[PDB]
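Trainee: Take this structure first; my questions come after.
Encoded structure:
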(Lines of atoms letter the chains of each structure in order from A and count residues from 1; the text may use other names and numbers.)
(Lines give C-alpha, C1' and ligand atoms only; values in the text may rest on other atoms or scores of the structure.)
Protein backbone atom coordinates (compact mmCIF):
# COMPACT_ATOMS: atom_id res chain seq x y z
CA UNK A 1 0.00 0.00 0.00
CA UNK A 2 1.97 3.01 -1.31
CA UNK A 3 1.04 6.50 -0.04
CA UNK A 4 2.53 9.99 -0.22
CA UNK A 5 3.61 12.34 -3.00
CA UNK A 6 6.74 13.97 -4.34
CA UNK A 7 7.36 17.57 -5.48
CA UNK A 8 9.60 17.81 -8.56
CA UNK A 9 10.73 20.56 -10.93
CA UNK A 10 11.81 19.58 -14.44
CA UNK A 11 13.49 22.04 -16.79
CA UNK A 12 15.23 21.70 -20.12
CA UNK A 13 17.86 24.21 -21.23
CA UNK A 14 18.55 24.17 -24.98
CA UNK A 15 21.54 26.46 -24.53
CA UNK A 16 23.50 23.86 -22.57
CA UNK A 17 21.72 20.67 -23.74
CA UNK A 18 20.79 19.79 -20.16
CA UNK A 19 17.77 18.23 -18.54
CA UNK A 20 17.51 19.79 -15.07
CA UNK A 21 15.78 17.83 -12.30
CA UNK A 22 15.03 19.21 -8.83
CA UNK A 23 13.65 17.03 -6.05
CA UNK A 24 12.18 19.56 -3.66
CA UNK A 25 10.53 17.41 -1.02
CA UNK A 26 8.07 14.60 -0.39
CA UNK A 27 5.08 14.60 1.92
CA UNK A 28 2.55 12.20 3.44
CA UNK A 29 4.81 9.16 3.59
CA UNK A 30 3.67 6.30 5.81
CA UNK A 31 5.39 5.34 9.04
CA UNK A 32 7.07 1.95 9.25
CA UNK A 33 5.05 -0.93 10.74
CA UNK A 34 7.18 -0.49 13.84
CA UNK A 35 5.73 3.01 14.08
CA UNK A 36 9.17 4.49 13.53
CA UNK A 37 9.54 7.24 10.95
CA UNK A 38 11.36 6.66 7.73
CA UNK A 39 14.78 7.83 6.58
CA UNK A 40 13.95 8.75 2.98
CA UNK A 41 16.31 9.32 0.03
CA UNK A 42 15.63 9.25 -3.66
CA UNK A 43 17.34 7.67 -6.60
CA UNK A 44 16.89 9.04 -10.11
CA UNK A 45 17.68 7.35 -13.43
CA UNK A 46 17.25 8.61 -16.97
CA UNK A 47 16.10 5.38 -18.60
CA UNK A 48 16.88 3.21 -20.62
CA UNK A 49 20.43 3.81 -19.26
CA UNK A 50 20.88 1.98 -15.92
CA UNK A 51 24.65 2.41 -15.47
CA UNK A 52 26.37 4.55 -12.81
CA UNK A 53 26.28 7.28 -15.48
CA UNK A 54 22.50 7.70 -15.28
CA UNK A 55 22.25 7.29 -11.50
CA UNK A 56 21.70 10.21 -9.13
CA UNK A 57 20.98 9.98 -5.41
CA UNK A 58 19.81 12.56 -2.85
CA UNK A 59 21.14 12.83 0.65
CA UNK A 60 19.27 10.81 3.25
CA UNK A 61 17.06 12.76 5.67
CA UNK A 62 16.65 11.25 9.14
CA UNK A 63 13.41 10.07 10.80
CA UNK A 64 10.64 11.93 8.94
CA UNK A 65 7.54 11.49 6.78
CA UNK A 66 8.12 14.89 5.17
CA UNK A 67 11.68 14.83 3.78
CA UNK A 68 13.04 17.99 2.14
CA UNK A 69 16.11 17.76 -0.10
CA UNK A 70 16.09 20.84 -2.35
CA UNK A 71 18.46 18.83 -4.54
CA UNK A 72 19.14 19.56 -8.23
CA UNK A 73 20.60 17.04 -10.69
CA UNK A 74 21.72 17.67 -14.26
CA UNK A 75 21.74 15.32 -17.26
CA UNK A 76 23.96 16.58 -20.08
CA UNK A 77 24.39 15.99 -23.82
CA UNK A 78 20.67 15.99 -24.66
CA UNK A 79 18.65 17.71 -27.39
CA UNK A 80 15.00 18.16 -26.47
CA UNK A 81 14.06 15.49 -29.04
CA UNK A 82 16.51 13.04 -27.44
CA UNK A 83 14.16 12.94 -24.46
CA UNK A 84 11.43 11.34 -26.55
CA UNK A 85 11.17 7.69 -25.61
CA UNK A 86 13.16 8.18 -22.41
CA UNK A 87 11.74 7.98 -18.89
CA UNK A 88 12.77 9.81 -15.75
CA UNK A 89 12.42 7.22 -12.97
CA UNK A 90 12.48 8.65 -9.45
CA UNK A 91 12.33 6.08 -6.68
CA UNK A 92 11.99 6.76 -2.94
CA UNK A 93 13.74 4.43 -0.51
CA UNK A 94 13.73 4.10 3.27
CA UNK A 95 17.30 3.91 4.52
CA UNK A 96 17.66 0.94 6.86
CA UNK A 97 21.02 1.05 8.63
CA UNK A 98 21.49 -2.70 9.14
CA UNK A 99 19.69 -4.15 6.17
CA UNK A 100 18.47 -3.69 2.63
CA UNK A 101 16.63 -0.40 2.18
CA UNK A 102 12.87 -0.54 1.65
CA UNK A 103 11.08 0.68 -1.46
CA UNK A 104 8.64 3.50 -0.63
CA UNK A 105 7.30 4.46 -4.05
CA UNK A 106 8.18 5.80 -7.47
CA UNK A 107 7.29 8.53 -9.92
CA UNK A 108 7.99 7.79 -13.55
CA UNK A 109 7.84 10.61 -16.05
CA UNK A 110 7.30 10.12 -19.80
CA UNK A 111 9.48 13.02 -20.93
CA UNK A 112 8.11 13.03 -24.46
CA UNK A 113 4.84 14.42 -23.08
CA UNK A 114 6.25 16.84 -20.47
CA UNK A 115 6.52 20.65 -20.92
CA UNK A 116 9.76 20.97 -18.92
CA UNK A 117 9.32 24.54 -17.68
CA UNK A 118 10.83 24.17 -14.18
CA UNK A 119 7.38 24.54 -12.60
CA UNK A 120 7.14 22.71 -9.27
CA UNK A 121 4.58 19.92 -9.61
CA UNK A 122 3.26 17.19 -7.31
CA UNK A 123 3.25 13.52 -8.27
CA UNK A 124 1.49 10.68 -6.50
CA UNK A 125 3.93 7.97 -5.44
CA UNK A 126 3.09 4.69 -7.21
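Numbering (PDB author numbering), first residue to last: -1, 838 to 962. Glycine residues also receive a C-beta, built at the ideal position from the N, C-alpha and C atoms.
1. On a Cα-Cα basis, can you pick out the residue from 946, 908 and 931 that is closest to residue 867?
2. Report yes or no: do three or more beta-carbon pairs, one from the region 900 to 910 and one from the region 854 to 865, lie closer than 8 Å?
3. When the Cα atoms are used, what is the spatial distance from residue 941 to residue 927?
4. Under three-state DSSP, which class holds residue 861?
5. Buried or exposed for residue 875, going by 16 or more other Cβ atoms inside 10 Å?
6. Measure the alpha-carbon distance for residue 959 versus residue 923 and round it to whole angstroms.
7. Among the residues of its own chain, which have a CB less than 8 Å from the CB of residue 896, if the five just before and after it don't count?
8. What are the start and end residues of the beta strand (DSSP E) that includes residue 878?
9. Looking at residue 883 and residue 919, is the spacing between their C-beta atoms short of 8 Å?
Mentor: In brief:
1. Residue 931 is the option with its Cα nearest to residue 867.
2. Short answer: they touch.
3. 6 Å
4. strand
5. buried
6. Cα to Cα, residue 959 sits roughly 15 Å from residue 923.
7. 875, 876, 877 and 931
8. Element bounds for residue 878: 876 to 883.
9. no
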